[PDB]
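Chain residues, written in single-letter form:
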Amino acid sequence: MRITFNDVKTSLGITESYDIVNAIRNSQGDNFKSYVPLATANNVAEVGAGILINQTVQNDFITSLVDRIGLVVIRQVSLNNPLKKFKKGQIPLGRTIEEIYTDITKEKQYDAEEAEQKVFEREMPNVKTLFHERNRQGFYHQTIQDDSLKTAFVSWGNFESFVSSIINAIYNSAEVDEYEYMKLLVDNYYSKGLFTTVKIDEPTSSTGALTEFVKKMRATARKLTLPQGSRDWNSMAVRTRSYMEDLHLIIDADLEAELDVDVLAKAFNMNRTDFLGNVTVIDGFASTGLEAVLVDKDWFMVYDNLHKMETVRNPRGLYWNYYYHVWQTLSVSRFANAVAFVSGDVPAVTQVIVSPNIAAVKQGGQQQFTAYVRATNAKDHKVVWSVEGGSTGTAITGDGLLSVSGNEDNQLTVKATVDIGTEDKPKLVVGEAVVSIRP
Amino acid sequence: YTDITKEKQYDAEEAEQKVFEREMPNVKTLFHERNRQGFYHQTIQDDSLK
Amino acid sequence: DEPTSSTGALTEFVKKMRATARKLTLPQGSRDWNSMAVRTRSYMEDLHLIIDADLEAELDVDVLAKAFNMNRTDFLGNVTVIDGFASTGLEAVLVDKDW
Amino acid sequence: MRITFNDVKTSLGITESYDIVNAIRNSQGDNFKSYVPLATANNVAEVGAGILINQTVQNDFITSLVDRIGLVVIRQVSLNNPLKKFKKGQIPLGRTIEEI
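Here's what I pulled together on the structure shown here.

This part takes up the packing of aromatic side chains. Tallying each qualifying case throughout the model produces 19 aromatic pairs over all chains. Between the aromatic rings of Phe153 of chain A and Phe159 of chain A, the centroid separation amounts to 6.2 Å while the plane-to-plane angle is 70°, which identifies the pairing as edge-to-face. Its end group placed over the ring of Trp327 of chain A, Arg134 of chain A keeps NZ or CZ at 5.4 Å from the ring centre. The aromatic ring of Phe86 of chain D is capped on one face by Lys85 of chain D, whose charged end is 3.8 Å from the ring centroid.

Structure below.
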């Protein structure tokens, strides 16, 4: 079989901003006057950018002879992912990971007249759980047809180098895809509205506020590690604590350069104006608003289940097949602190969290729910509660107390909604919880 | 130059009839050619320069 | 905007060059800086920057003789000084040694 | 200055006689019977007499690599005139010979 091409131009997919040969020819004392004395300028400009598809060229002196190629160079590259340090061990058996967290309780006023009748009363501890599963199962497939590949080389060294490059491409692809999956984790988390958003663009004073972003980042990092804890920085609304040595700040190259040229080059004793967490620089995020993300070491929940490679030879077709199987689980923990720095515009409310998300009540019982809205601004918004159970008799008050009718058997859905849009154009942010009924 | 490839998803049922299926690797090439040929010329009249 | 219009523009150009060099030298690689659209990465030792003389003379006087810890606001790669290019808008070119 | 050629066919200056490929295909027990079992007969028939004009060819497996040439042979010949014993000597001076 012969594969041949005809009528191929040197300027195949080139869009010209301007014609350099015409500019040189038509220059009159312009910046192109330096190239006027050059004699073989058109020939250099015609083929100086390289050729995509080559064709046989006859020799200049003798038209019968053809021109040969005198050099062959093989280009090699090796890639790694910089986020591999956030991975955990392996899971050889099982599929699901369970994570449990016990929160804090409230203080009760001291009383003896009341205590004399409720000694054996019980108070349910507050505890939440979430689950992680294996979700990545892929393989990389390539083929090597060495007998058909022999004709493209005249040197065994070049042939072997090309085969080795083909082999290395598989591992390069695996590393690149792993990095992209890890970045997709953060982008998905931001897209689902589970971060706490801090604006780093609006300043508090028009007096040369070129340090507003670094001041905000420093303050946020400082208040992330207050000893008494807080429940404003995690998507499960649990009072937790962070440590300074376990905080990782993933930022952008342009942000790093901006900080370095703006504050570090002009600050005396720059230790008072640097970042606080462990800094890792990447090539930006996918979402519009993200500029930097500050997370905890326990935020990542990435494990690898399988890594293997297997080959098979086709003797009728005279070739080799390589398969590289990778199985992994990629997830994040909602119990860990995570904040995202935004330099654009954001909605008034990002999410609403109902603290009891799973409940089981009897036909005459009651359940109390609490709601936490994540408002970017300082404006306070009210929640409204509803129940989509269906039976008549079950009702929820405005505070968040749900009572269940004595005759009812179906799964109840408790919703708390907040309105942030205008009239006739409503926009709603909803938190939800599920209630089962004991018989 | 040899580039990177794409990833497929695991499917044991579909793997029954394409164990010997082929997948072409991705490579690219370019070519460079001779393009500059010039000369410089100078004359000297030693007898008349004396 | 313009390398020599003002010191703010010069500092913005410095920031842009430093960010571009950092993006070029990243372990995961990229396919946004080569004309064949292939995943590849460069090295800081192999990166070369070509600058005119006026830009250097403005930089070292304006943003280097008044800056404490001046290594945080200087160029990153290897710097070569020439008399300038012929294109209308071309100011600086950052290339790899194998270019 | 780059001399190139386009759309050159392997059958350039060939005045074919009877289309051997069609003869083999329509061979109903004639002398061309022994060529029926041959599998890659068309591939050798199309280029078995050489090619006058060489054009770049991409290999079948990877369509980006180019097929090279692996052998160069230079032909030489020495010719002489057989009627050299019939020549006389040399005439360094003069122009004319007289015979009586």
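That shown, we press on.
Here we come to helix α6 (residues 253-264) of chain A. Under the 1.5 Å per step criterion, the end-to-end length of α6 of chain A is 15 Å for twelve residues, consistent within 8% with the ideal 16 Å. The buried fraction of α6 of chain A amounts to nine of the twelve residues, a majority that puts the element mostly inside the structure. Of all the residues in α6 of chain A, the buried ones are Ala253, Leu255, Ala257, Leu259, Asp260, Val261, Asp262, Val263 and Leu264 of chain A. Against the buried residues of α6 of chain A lie α5 (212-224), β5 (247-252), β6 (278-282) and β7 (290-296) of chain A together with α1 (7-24) of chain C.

Our focus in this paragraph is the interface of chain B and chain C. With five residues of chain B at the interface, the matching set in chain C holds six residues. Counting each side, the surface lost to burial between chain B and chain C is near 480 Å², with a carbon and sulfur contribution of 56%. If you sort the residues of chain B by the area they bury against chain C, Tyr1, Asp3 and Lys28 of chain B come out on top, with a joint share of 73%. Viewed at the interface, chain C and chain B are joined by one salt bridge. A salt bridge links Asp3 of chain B to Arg31 of chain C; its shortest N-O distance comes to 3.7 Å. Linking chain B to chain C there are three residue pairs in polar contact. Class assignment for the residues of the side of chain B that touches chain C results in two nonpolar, one polar and two charged.

Residues and elements named next belong to chain A. The phi dihedral of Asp7 is positive, around 60°, even though this residue is not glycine. Among the structural elements, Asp7 can be located in the segment before α1 (20-26). Even without being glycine, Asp424 reaches a positive phi, approximately 70°. Among the structural elements, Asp424 can be located in the loop between β18 (412-419) and β19 (428-437).

On to a negative patch on the surface. A contiguous patch of negative charge on the surface is contributed by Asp11, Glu13, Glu14 and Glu16 of chain B. The class for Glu16 of chain B is exposed, based on a relative accessible area of 61%.

About the cut-offs
Sequence positions are given from 1 along each chain as written, possibly unlike the numbering in the entry, and residues without coordinates are left off. Chains and ligands are labelled by the order in which they are written, letters from A for the one and numbers from 1 for the other. Note that the displayed chains come from a larger assembly and that each value is computed for the displayed part only. With hydrogens and water excluded, all non-hydrogen atoms of the structure serve as input to the side-chain values. Centre distance within 6.5 Å is the pairing criterion for rings of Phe, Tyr and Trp, where only the six-membered ring of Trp is used; planes under 30 degrees apart are then read as stacked, over 60 as edge-to-face, and the remainder as tilted. Only when the NZ atom of a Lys or the CZ atom of an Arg is both within 6 Å of the ring centre and within 35 degrees of the ring normal do we say a charge sits over the ring. In this text, helices come from DSSP runs of H or I with a minimum length of four residues, and strands from runs of E with a minimum of two, each type numbered from the N-terminal end. Between the first and last residue of a helix there are one fewer steps than residues, each counted as 1.5 Å, and that sum is the expected span. Think of it in three bands: residues with accessible area under 20% of the maximum for their type are buried, residues over 50% are exposed, and the middle band is partly exposed, with areas taken using a 1.4 Å probe on protein chains only. Only heavy atoms matter for contacts: two residues are in contact if any of them lie within 4.5 Å across the pair. By convention, the term buried area covers the 1.4 Å-probe accessible surface removed from two parts as they join, with the contributions of both added. A pair is scored as a salt bridge if a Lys or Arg side-chain nitrogen falls within 4 Å of a carboxyl oxygen belonging to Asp or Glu. Two N or O atoms form a polar contact when they lie within 3.5 Å of each other; inside protein one atom must be a possible hydrogen donor and the other a possible acceptor, and for residues adjacent in sequence the pair counts only when both atoms belong to side chains. Put simply, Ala, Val, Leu, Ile, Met, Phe, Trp, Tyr, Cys and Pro go in the nonpolar bin, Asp, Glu, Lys and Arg in the charged bin, and everything else, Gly too, in the polar bin. Patch members must show over 30% relative accessible area and no salt bridge, and they are joined within 9 Å when carrying like charges or within 5 Å when they are nonpolar side chains of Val, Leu, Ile, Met, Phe, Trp or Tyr. Calculation of accessible area relied on Shrake-Rupley with a 1.4 Å probe; when residues are assessed, cover is drawn exclusively from the protein chains displayed. Charge convention: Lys and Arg are scored as positive, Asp and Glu as negative, and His as well as the terminal groups of each chain are ignored. One atom stands in for each charge, and that atom is NZ of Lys, CZ of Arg, CG of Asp or CD of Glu.

None of this, on its own, says anything about what the molecule does.
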